[PDB]
>>> print(open('input24.cif').read())   # mmCIF, C-alpha atoms
data_entry
#
loop_
_atom_site.label_atom_id
_atom_site.label_comp_id
_atom_site.auth_asym_id
_atom_site.auth_seq_id
_atom_site.Cartn_x
_atom_site.Cartn_y
_atom_site.Cartn_z
CA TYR M 9 -3.69 53.75 13.08
CA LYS M 10 -0.38 52.68 11.47
CA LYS M 11 0.86 49.21 10.37
CA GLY M 12 0.45 46.57 13.16
CA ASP M 13 2.36 45.54 16.32
CA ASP M 14 3.69 42.00 16.99
CA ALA M 15 2.77 41.11 13.35
CA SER M 16 0.17 38.66 11.99
CA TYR M 17 -0.07 34.89 12.24
CA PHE M 18 -1.59 35.20 8.71
CA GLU M 19 -0.27 36.91 5.64
CA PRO M 20 0.40 40.62 6.08
CA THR M 21 -2.14 43.03 4.55
CA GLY M 22 0.39 45.75 3.80
CA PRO M 23 3.89 45.91 2.19
CA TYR M 24 6.38 43.97 4.08
CA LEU M 25 10.00 43.05 4.03
CA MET M 26 10.75 39.28 4.14
CA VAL M 27 14.13 38.63 5.66
CA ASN M 28 15.85 35.34 4.70
CA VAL M 29 19.15 35.17 6.48
CA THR M 30 22.04 32.82 6.76
CA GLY M 31 24.45 33.75 9.55
CA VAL M 32 28.07 32.80 9.30
CA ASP M 33 31.16 33.58 11.34
CA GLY M 34 34.26 35.38 10.15
CA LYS M 35 35.31 32.07 8.56
CA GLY M 36 32.11 31.34 6.75
CA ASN M 37 31.20 28.45 9.03
CA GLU M 38 27.43 28.46 9.11
CA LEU M 39 25.81 29.25 12.44
CA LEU M 40 22.21 29.84 11.41
CA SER M 41 20.63 28.21 8.41
CA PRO M 42 18.04 30.30 6.45
CA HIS M 43 15.83 32.01 9.00
CA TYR M 44 12.72 33.88 7.94
CA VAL M 45 11.04 36.90 9.48
CA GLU M 46 8.58 39.55 8.32
CA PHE M 47 8.61 43.26 9.07
CA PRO M 48 5.93 45.62 7.97
CA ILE M 49 7.21 48.53 5.89
CA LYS M 50 5.75 51.75 4.62
CA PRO M 51 5.99 52.89 1.00
CA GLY M 52 7.96 56.11 0.83
CA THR M 53 10.71 54.93 3.17
CA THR M 54 14.32 55.14 2.16
CA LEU M 55 16.00 51.77 2.83
CA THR M 56 19.71 52.18 3.31
CA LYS M 57 22.41 49.57 3.83
CA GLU M 58 22.55 50.65 7.42
CA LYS M 59 18.81 50.19 7.93
CA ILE M 60 18.95 46.72 6.35
CA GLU M 61 21.74 45.83 8.83
CA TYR M 62 19.50 46.79 11.68
CA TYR M 63 16.62 44.78 10.32
CA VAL M 64 18.77 41.64 10.01
CA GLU M 65 20.08 42.13 13.58
CA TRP M 66 16.47 42.36 14.73
CA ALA M 67 15.73 39.25 12.67
CA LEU M 68 18.41 37.44 14.82
CA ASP M 69 16.72 38.28 18.08
CA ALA M 70 14.23 35.48 17.61
CA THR M 71 17.13 32.92 17.54
CA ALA M 72 19.97 31.53 19.63
CA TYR M 73 21.98 34.45 18.26
CA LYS M 74 20.04 37.40 19.61
CA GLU M 75 23.12 38.59 21.48
CA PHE M 76 25.13 38.73 18.25
CA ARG M 77 25.75 41.80 16.08
CA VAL M 78 25.86 42.15 12.28
CA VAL M 79 29.47 42.73 11.29
CA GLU M 80 29.22 42.61 7.45
CA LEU M 81 26.48 42.08 4.96
CA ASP M 82 27.11 40.14 1.69
CA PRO M 83 27.90 42.87 -0.90
CA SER M 84 25.94 41.00 -3.58
CA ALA M 85 22.60 41.27 -1.61
CA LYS M 86 19.58 42.79 -3.30
CA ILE M 87 15.94 43.39 -2.50
CA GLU M 88 13.60 41.93 -5.05
CA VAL M 89 9.91 42.14 -5.35
CA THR M 90 7.73 40.07 -7.61
CA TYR M 91 4.15 40.98 -8.47
CA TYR M 92 1.63 40.55 -11.26
CA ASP M 93 1.18 43.63 -13.43
CA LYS M 94 -2.56 44.18 -13.74
CA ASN M 95 -2.17 46.21 -16.95
CA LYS M 96 0.33 43.87 -18.67
CA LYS M 97 -1.11 40.58 -17.38
CA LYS M 98 2.42 39.27 -16.71
CA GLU M 99 4.85 38.63 -13.85
CA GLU M 100 7.14 41.55 -13.20
CA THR M 101 10.26 41.70 -10.95
CA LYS M 102 12.16 44.78 -9.69
CA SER M 103 15.57 44.71 -8.05
CA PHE M 104 16.99 47.27 -5.72
CA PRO M 105 20.64 47.10 -4.75
CA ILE M 106 21.69 47.69 -1.17
CA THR M 107 23.88 50.81 -1.11
CA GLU M 108 24.67 53.53 1.35
CA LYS M 109 22.29 56.02 -0.30
CA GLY M 110 19.61 53.38 -0.47
CA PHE M 111 16.39 53.47 -2.46
CA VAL M 112 12.82 54.61 -1.78
CA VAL M 113 10.26 51.88 -1.28
CA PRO M 114 7.79 52.12 -4.13
CA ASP M 115 4.04 52.04 -3.71
CA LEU M 116 2.79 49.11 -5.82
CA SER M 117 -0.80 49.67 -4.72
CA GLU M 118 -2.16 49.71 -8.27
CA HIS M 119 -1.07 46.05 -8.54
CA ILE M 120 -0.84 44.47 -5.11
CA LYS M 121 -1.91 45.54 -1.60
CA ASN M 122 0.66 43.51 0.31
CA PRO M 123 3.77 43.07 -1.71
CA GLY M 124 6.60 41.11 -0.18
CA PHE M 125 10.06 42.64 -0.58
CA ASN M 126 12.50 39.82 -0.53
CA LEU M 127 15.88 40.04 1.06
CA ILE M 128 17.97 36.85 0.85
CA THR M 129 21.53 37.24 2.28
CA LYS M 130 24.35 35.81 4.15
CA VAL M 131 25.84 37.92 6.95
CA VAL M 132 28.84 37.73 9.19
CA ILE M 133 27.83 38.01 12.80
CA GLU M 134 29.89 37.95 15.99
CA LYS M 135 28.91 38.03 19.70
CA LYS M 136 28.49 41.58 21.10
CA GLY S 7 9.07 9.36 3.21
CA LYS S 8 6.08 9.39 0.77
CA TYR S 9 8.26 10.49 -2.18
CA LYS S 10 11.93 10.16 -1.06
CA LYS S 11 13.91 12.35 -3.49
CA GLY S 12 16.89 10.11 -4.19
CA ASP S 13 16.49 6.65 -5.74
CA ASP S 14 20.17 5.80 -5.21
CA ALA S 15 21.70 9.34 -5.24
CA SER S 16 24.88 9.48 -3.19
CA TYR S 17 24.37 9.29 0.55
CA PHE S 18 27.60 11.27 1.19
CA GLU S 19 28.56 14.69 -0.15
CA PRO S 20 29.88 14.72 -3.75
CA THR S 21 33.56 14.03 -4.28
CA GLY S 22 33.92 16.36 -7.33
CA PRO S 23 32.31 19.40 -9.02
CA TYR S 24 28.56 19.13 -9.32
CA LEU S 25 25.66 21.13 -10.66
CA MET S 26 22.87 21.79 -8.19
CA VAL S 27 19.45 22.50 -9.65
CA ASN S 28 16.92 24.31 -7.52
CA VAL S 29 14.08 25.39 -9.72
CA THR S 30 10.62 26.54 -9.00
CA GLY S 31 8.19 25.40 -11.69
CA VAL S 32 5.49 27.84 -12.68
CA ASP S 33 2.74 27.99 -15.31
CA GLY S 34 2.27 30.87 -17.69
CA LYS S 35 -0.25 32.86 -15.59
CA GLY S 36 2.29 33.01 -12.77
CA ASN S 37 1.20 30.22 -10.44
CA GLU S 38 3.79 28.16 -8.59
CA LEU S 39 3.36 24.48 -9.48
CA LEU S 40 6.38 22.80 -7.97
CA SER S 41 8.64 23.84 -5.17
CA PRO S 42 12.45 23.57 -5.54
CA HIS S 43 13.77 19.98 -4.95
CA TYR S 44 17.47 19.41 -4.44
CA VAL S 45 19.09 17.62 -7.28
CA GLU S 46 22.77 16.99 -8.07
CA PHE S 47 24.51 16.18 -11.34
CA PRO S 48 28.22 15.66 -11.60
CA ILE S 49 30.06 17.86 -14.11
CA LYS S 50 33.61 18.20 -15.34
CA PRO S 51 35.70 21.35 -15.73
CA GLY S 52 36.42 21.83 -19.39
CA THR S 53 32.75 21.05 -20.27
CA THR S 54 30.72 23.77 -22.04
CA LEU S 55 27.31 24.32 -20.51
CA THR S 56 24.92 25.88 -22.96
CA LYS S 57 21.34 27.09 -22.48
CA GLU S 58 20.11 23.91 -24.29
CA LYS S 59 22.07 21.60 -22.00
CA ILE S 60 20.76 23.62 -19.05
CA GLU S 61 17.20 23.16 -20.34
CA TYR S 62 17.74 19.43 -20.48
CA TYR S 63 19.30 19.27 -16.96
CA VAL S 64 16.27 21.00 -15.46
CA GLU S 65 13.84 18.66 -17.33
CA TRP S 66 15.86 15.82 -15.84
CA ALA S 67 15.65 17.43 -12.38
CA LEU S 68 11.83 17.28 -12.72
CA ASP S 69 11.95 13.52 -13.38
CA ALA S 70 12.96 13.24 -9.71
CA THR S 71 9.56 14.69 -8.69
CA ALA S 72 5.87 14.14 -9.24
CA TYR S 73 6.19 16.38 -12.30
CA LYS S 74 8.46 13.85 -14.13
CA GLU S 75 6.17 14.09 -17.16
CA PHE S 76 6.55 17.87 -17.70
CA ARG S 77 8.78 19.54 -20.27
CA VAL S 78 10.60 22.82 -19.92
CA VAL S 79 8.83 25.62 -21.86
CA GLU S 80 10.82 28.70 -20.95
CA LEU S 81 13.71 29.31 -18.56
CA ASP S 82 13.78 32.62 -16.74
CA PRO S 83 15.97 34.82 -18.98
CA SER S 84 17.67 36.33 -15.92
CA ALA S 85 18.90 32.95 -14.50
CA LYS S 86 22.57 32.47 -13.86
CA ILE S 87 24.84 29.77 -12.55
CA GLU S 88 26.59 30.88 -9.33
CA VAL S 89 29.41 29.26 -7.46
CA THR S 90 30.67 30.17 -4.00
CA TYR S 91 33.90 29.17 -2.37
CA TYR S 92 36.58 30.34 -0.03
CA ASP S 93 39.77 31.46 -1.70
CA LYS S 94 42.78 29.97 0.19
CA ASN S 95 45.10 32.88 -0.87
CA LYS S 96 43.08 36.08 -0.40
CA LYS S 97 41.27 34.44 2.53
CA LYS S 98 37.82 35.75 1.43
CA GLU S 99 34.66 34.18 0.21
CA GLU S 100 34.20 34.78 -3.47
CA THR S 101 31.27 34.22 -5.82
CA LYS S 102 31.33 33.87 -9.60
CA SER S 103 28.29 34.20 -11.87
CA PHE S 104 27.95 32.83 -15.33
CA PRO S 105 25.06 33.75 -17.55
CA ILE S 106 23.00 31.16 -19.31
CA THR S 107 23.50 31.81 -23.05
CA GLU S 108 23.30 30.06 -26.36
CA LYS S 109 27.05 30.00 -26.88
CA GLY S 110 27.52 29.08 -23.21
CA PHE S 111 30.53 29.21 -20.90
CA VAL S 112 33.18 26.69 -19.91
CA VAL S 113 33.22 25.09 -16.45
CA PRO S 114 36.16 26.52 -14.53
CA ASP S 115 38.55 24.40 -12.42
CA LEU S 116 38.36 25.65 -8.80
CA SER S 117 39.90 22.52 -7.43
CA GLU S 118 42.85 24.53 -6.11
CA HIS S 119 40.37 25.90 -3.55
CA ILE S 120 37.71 23.23 -3.14
CA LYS S 121 37.44 19.71 -4.49
CA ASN S 122 33.75 19.67 -4.78
CA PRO S 123 32.44 23.09 -5.72
CA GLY S 124 28.69 23.42 -6.11
CA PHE S 125 27.51 25.20 -9.26
CA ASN S 126 24.06 26.52 -8.35
CA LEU S 127 21.13 26.97 -10.64
CA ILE S 128 18.27 28.74 -8.82
CA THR S 129 15.41 30.08 -11.02
CA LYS S 130 11.86 29.77 -12.14
CA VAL S 131 10.97 27.87 -15.24
CA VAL S 132 7.66 27.78 -17.10
CA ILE S 133 6.85 24.09 -17.56
CA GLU S 134 3.98 22.32 -19.43
CA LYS S 135 2.88 18.63 -19.50
CA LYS S 136 4.05 16.45 -22.52
#
>>> encode(input="input24.cif", output="structure tokens")
Amino acid sequence: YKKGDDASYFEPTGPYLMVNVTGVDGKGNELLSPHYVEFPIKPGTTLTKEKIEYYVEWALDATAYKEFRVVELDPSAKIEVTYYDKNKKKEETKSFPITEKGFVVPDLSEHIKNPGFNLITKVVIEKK
Amino acid sequence: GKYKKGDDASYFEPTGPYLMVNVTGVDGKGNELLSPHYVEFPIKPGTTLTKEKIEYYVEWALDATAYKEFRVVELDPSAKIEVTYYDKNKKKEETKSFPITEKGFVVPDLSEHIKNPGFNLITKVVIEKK
């Protein structure tokens, strides 16, 4: 048993990536206003820039732009996760940059079962 | 609506540079109390925006909501003011970030590229009732 098919109508019960994307064309005209989607993820995974690109493309498939491809990702994008440290009794936030080498998804089990890894970006997309 | 954000606020887009505040109000124990409401304030290039003036702009952005009686307690130390526009010359989108400090920074004049740039403030702020 792994991490769930079609994904929950409720809040996930495992780590997940929240994708918040704004799709623009090569001229920055906006095509798709912020669109949100959740993908379950497994701690221990290496998230590279290329993987993120695929996830955002998959995020587009539930929109009028499913036939479009991701051309460029905003170079200022970052993954951030916010949780409550159970030892420190405070809000803590970690940032991970999107790079070619990527980063390994941490296990935040000790603090939260289902952390949400936030990805807010703008991407250039064009029809395939 | 039941609480129409915008007493008189311009019906059309701003004609000059403006500061856009989009804060999420939280309590100490990390509970979200107020979701980000869109608020605009005109600003002038040449103005110096310090952390104290930013604190007051966000307290004024709360007066537009049901939390009008709350005061700002502590602004996320990692907040920044970001502005995005298309550069006519290079033909690329470009984004500048300014940190919120005591000394502050001066509002730049981007009018060569856009007449009404939007300086964005998007953070969390710990707020308490007066």
>>> residues_around(input="input24.cif", residues="residue 122 of chain S", least_positions_apart="4", cutoff="6 Å", atoms="only C-alpha atoms", output="ChimeraX atom specification")
/S:21-23
>>> resolve_selection(input="input24.cif", expression="the PyMOL selection byres ((chain M) within 10 of (chain S))", output="list in words")
residues 34, 35, 36, 82, 84, 91, 92, 97, 98, 99 and 100 of chain M
>>> resolve_selection(input="input24.cif", expression="the PyMOL selection byres ((chain S and resi 80) around 10)", output="ChimeraX atom specification")
/S:32-34,61,77-79,81-83,130-134
>>> resolve_selection(input="input24.cif", expression="the PyMOL selection byres ((chain S and resi 24) around 9)", output="PyMOL selection string")
chain S and resi 20-23+25-26+46-50+122-126
>>> closest_residue(input="input24.cif", among="M:25, M:79, M:39, M:116", to="residue 65 of chain M", atoms="all atoms listed in the file")
M:79
>>> residues_near_point(input="input24.cif", point="(26.2, 37.1, 14.9)", cutoff="7 Å", atoms="only C-alpha atoms", output="PyMOL selection string")
chain M and resi 31+73+76-78+132-135
>>> atom_distance(input="input24.cif", atom1="atom CA of residue 49 of chain M", atom2="atom CA of residue 29 of chain S")
28.7 Å
>>> atom_distance(input="input24.cif", atom1="atom CA of residue 127 of chain S", atom2="atom CA of residue 87 of chain S")
5.0 Å
>>> build_atoms(input="input24.cif", residues="segment 19-53 of chain S", atoms="N, CA and C atoms", output="PDB file, in the frame of the given file")
ATOM      1  N   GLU S  19      28.386  13.518   0.695  1.00  0.00           N
ATOM      2  CA  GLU S  19      28.560  14.690  -0.150  1.00  0.00           C
ATOM      3  C   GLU S  19      29.387  14.261  -1.330  1.00  0.00           C
ATOM      4  N   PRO S  20      29.205  14.954  -2.472  1.00  0.00           N
ATOM      5  CA  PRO S  20      29.880  14.720  -3.750  1.00  0.00           C
ATOM      6  C   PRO S  20      31.356  14.868  -3.584  1.00  0.00           C
ATOM      7  N   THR S  21      32.094  14.032  -4.304  1.00  0.00           N
ATOM      8  CA  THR S  21      33.560  14.030  -4.280  1.00  0.00           C
ATOM      9  C   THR S  21      34.196  14.915  -5.397  1.00  0.00           C
ATOM     10  N   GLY S  22      33.387  15.506  -6.274  1.00  0.00           N
ATOM     11  CA  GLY S  22      33.920  16.360  -7.330  1.00  0.00           C
ATOM     12  C   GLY S  22      32.924  17.441  -7.697  1.00  0.00           C
ATOM     13  N   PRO S  23      33.256  18.339  -8.647  1.00  0.00           N
ATOM     14  CA  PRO S  23      32.310  19.400  -9.020  1.00  0.00           C
ATOM     15  C   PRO S  23      30.932  18.870  -9.415  1.00  0.00           C
ATOM     16  N   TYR S  24      29.897  19.591  -9.009  1.00  0.00           N
ATOM     17  CA  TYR S  24      28.560  19.130  -9.320  1.00  0.00           C
ATOM     18  C   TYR S  24      27.679  20.313  -9.613  1.00  0.00           C
ATOM     19  N   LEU S  25      26.597  20.064 -10.330  1.00  0.00           N
ATOM     20  CA  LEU S  25      25.660  21.130 -10.660  1.00  0.00           C
ATOM     21  C   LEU S  25      24.445  20.876  -9.773  1.00  0.00           C
ATOM     22  N   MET S  26      24.003  21.916  -9.080  1.00  0.00           N
ATOM     23  CA  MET S  26      22.870  21.790  -8.190  1.00  0.00           C
ATOM     24  C   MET S  26      21.684  22.568  -8.759  1.00  0.00           C
ATOM     25  N   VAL S  27      20.592  21.849  -9.044  1.00  0.00           N
ATOM     26  CA  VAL S  27      19.450  22.500  -9.650  1.00  0.00           C
ATOM     27  C   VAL S  27      18.402  22.748  -8.631  1.00  0.00           C
ATOM     28  N   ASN S  28      17.927  23.979  -8.544  1.00  0.00           N
ATOM     29  CA  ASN S  28      16.920  24.310  -7.520  1.00  0.00           C
ATOM     30  C   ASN S  28      15.879  25.167  -8.164  1.00  0.00           C
ATOM     31  N   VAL S  29      15.036  24.572  -8.992  1.00  0.00           N
ATOM     32  CA  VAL S  29      14.080  25.390  -9.720  1.00  0.00           C
ATOM     33  C   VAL S  29      12.703  25.412  -9.142  1.00  0.00           C
ATOM     34  N   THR S  30      11.993  26.454  -9.464  1.00  0.00           N
ATOM     35  CA  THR S  30      10.620  26.540  -9.000  1.00  0.00           C
ATOM     36  C   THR S  30       9.865  26.490 -10.324  1.00  0.00           C
ATOM     37  N   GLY S  31       8.964  25.526 -10.457  1.00  0.00           N
ATOM     38  CA  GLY S  31       8.190  25.400 -11.690  1.00  0.00           C
ATOM     39  C   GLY S  31       6.915  26.203 -11.622  1.00  0.00           C
ATOM     40  N   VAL S  32       6.679  27.008 -12.635  1.00  0.00           N
ATOM     41  CA  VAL S  32       5.490  27.840 -12.680  1.00  0.00           C
ATOM     42  C   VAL S  32       4.775  27.664 -14.003  1.00  0.00           C
ATOM     43  N   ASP S  33       3.502  28.064 -14.064  1.00  0.00           N
ATOM     44  CA  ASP S  33       2.740  27.990 -15.310  1.00  0.00           C
ATOM     45  C   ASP S  33       2.861  29.358 -15.953  1.00  0.00           C
ATOM     46  N   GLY S  34       2.197  29.560 -17.075  1.00  0.00           N
ATOM     47  CA  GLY S  34       2.270  30.870 -17.690  1.00  0.00           C
ATOM     48  C   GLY S  34       1.712  31.982 -16.783  1.00  0.00           C
ATOM     49  N   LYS S  35       0.436  31.860 -16.407  1.00  0.00           N
ATOM     50  CA  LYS S  35      -0.250  32.860 -15.590  1.00  0.00           C
ATOM     51  C   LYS S  35       0.378  33.160 -14.217  1.00  0.00           C
ATOM     52  N   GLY S  36       1.620  32.748 -14.035  1.00  0.00           N
ATOM     53  CA  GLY S  36       2.290  33.010 -12.770  1.00  0.00           C
ATOM     54  C   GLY S  36       1.758  32.310 -11.527  1.00  0.00           C
ATOM     55  N   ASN S  37       1.642  30.989 -11.589  1.00  0.00           N
ATOM     56  CA  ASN S  37       1.200  30.220 -10.440  1.00  0.00           C
ATOM     57  C   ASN S  37       2.335  29.250 -10.197  1.00  0.00           C
ATOM     58  N   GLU S  38       2.711  29.077  -8.941  1.00  0.00           N
ATOM     59  CA  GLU S  38       3.790  28.160  -8.590  1.00  0.00           C
ATOM     60  C   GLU S  38       3.244  26.735  -8.587  1.00  0.00           C
ATOM     61  N   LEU S  39       3.825  25.868  -9.405  1.00  0.00           N
ATOM     62  CA  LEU S  39       3.360  24.480  -9.480  1.00  0.00           C
ATOM     63  C   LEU S  39       4.211  23.458  -8.730  1.00  0.00           C
ATOM     64  N   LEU S  40       5.480  23.759  -8.562  1.00  0.00           N
ATOM     65  CA  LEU S  40       6.380  22.800  -7.970  1.00  0.00           C
ATOM     66  C   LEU S  40       7.417  23.544  -7.202  1.00  0.00           C
ATOM     67  N   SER S  41       7.652  23.142  -5.968  1.00  0.00           N
ATOM     68  CA  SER S  41       8.640  23.840  -5.170  1.00  0.00           C
ATOM     69  C   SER S  41      10.011  23.231  -5.477  1.00  0.00           C
ATOM     70  N   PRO S  42      11.081  24.021  -5.289  1.00  0.00           N
ATOM     71  CA  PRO S  42      12.450  23.570  -5.540  1.00  0.00           C
ATOM     72  C   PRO S  42      12.838  22.289  -4.768  1.00  0.00           C
ATOM     73  N   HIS S  43      13.324  21.271  -5.494  1.00  0.00           N
ATOM     74  CA  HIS S  43      13.770  19.980  -4.950  1.00  0.00           C
ATOM     75  C   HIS S  43      15.257  19.986  -5.180  1.00  0.00           C
ATOM     76  N   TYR S  44      16.025  19.347  -4.315  1.00  0.00           N
ATOM     77  CA  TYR S  44      17.470  19.410  -4.440  1.00  0.00           C
ATOM     78  C   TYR S  44      17.939  18.294  -5.331  1.00  0.00           C
ATOM     79  N   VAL S  45      18.637  18.638  -6.391  1.00  0.00           N
ATOM     80  CA  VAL S  45      19.090  17.620  -7.280  1.00  0.00           C
ATOM     81  C   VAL S  45      20.546  17.882  -7.672  1.00  0.00           C
ATOM     82  N   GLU S  46      21.369  16.836  -7.692  1.00  0.00           N
ATOM     83  CA  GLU S  46      22.770  16.990  -8.070  1.00  0.00           C
ATOM     84  C   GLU S  46      23.125  16.229  -9.335  1.00  0.00           C
ATOM     85  N   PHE S  47      24.013  16.796 -10.130  1.00  0.00           N
ATOM     86  CA  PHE S  47      24.510  16.180 -11.340  1.00  0.00           C
ATOM     87  C   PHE S  47      25.987  16.457 -11.376  1.00  0.00           C
ATOM     88  N   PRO S  48      26.788  15.407 -11.549  1.00  0.00           N
ATOM     89  CA  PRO S  48      28.220  15.660 -11.600  1.00  0.00           C
ATOM     90  C   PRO S  48      28.557  16.320 -12.914  1.00  0.00           C
ATOM     91  N   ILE S  49      29.580  17.171 -12.906  1.00  0.00           N
ATOM     92  CA  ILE S  49      30.060  17.860 -14.110  1.00  0.00           C
ATOM     93  C   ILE S  49      31.578  17.903 -14.018  1.00  0.00           C
ATOM     94  N   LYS S  50      32.181  18.175 -15.157  1.00  0.00           N
ATOM     95  CA  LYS S  50      33.610  18.200 -15.340  1.00  0.00           C
ATOM     96  C   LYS S  50      34.085  19.585 -15.801  1.00  0.00           C
ATOM     97  N   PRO S  51      35.232  20.044 -15.279  1.00  0.00           N
ATOM     98  CA  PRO S  51      35.700  21.350 -15.730  1.00  0.00           C
ATOM     99  C   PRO S  51      36.198  21.098 -17.141  1.00  0.00           C
ATOM    100  N   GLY S  52      36.009  22.051 -18.034  1.00  0.00           N
ATOM    101  CA  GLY S  52      36.420  21.830 -19.390  1.00  0.00           C
ATOM    102  C   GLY S  52      35.161  21.614 -20.243  1.00  0.00           C
ATOM    103  N   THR S  53      34.048  21.273 -19.588  1.00  0.00           N
ATOM    104  CA  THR S  53      32.750  21.050 -20.270  1.00  0.00           C
ATOM    105  C   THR S  53      32.160  22.435 -20.601  1.00  0.00           C
TER     106      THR S  53
END
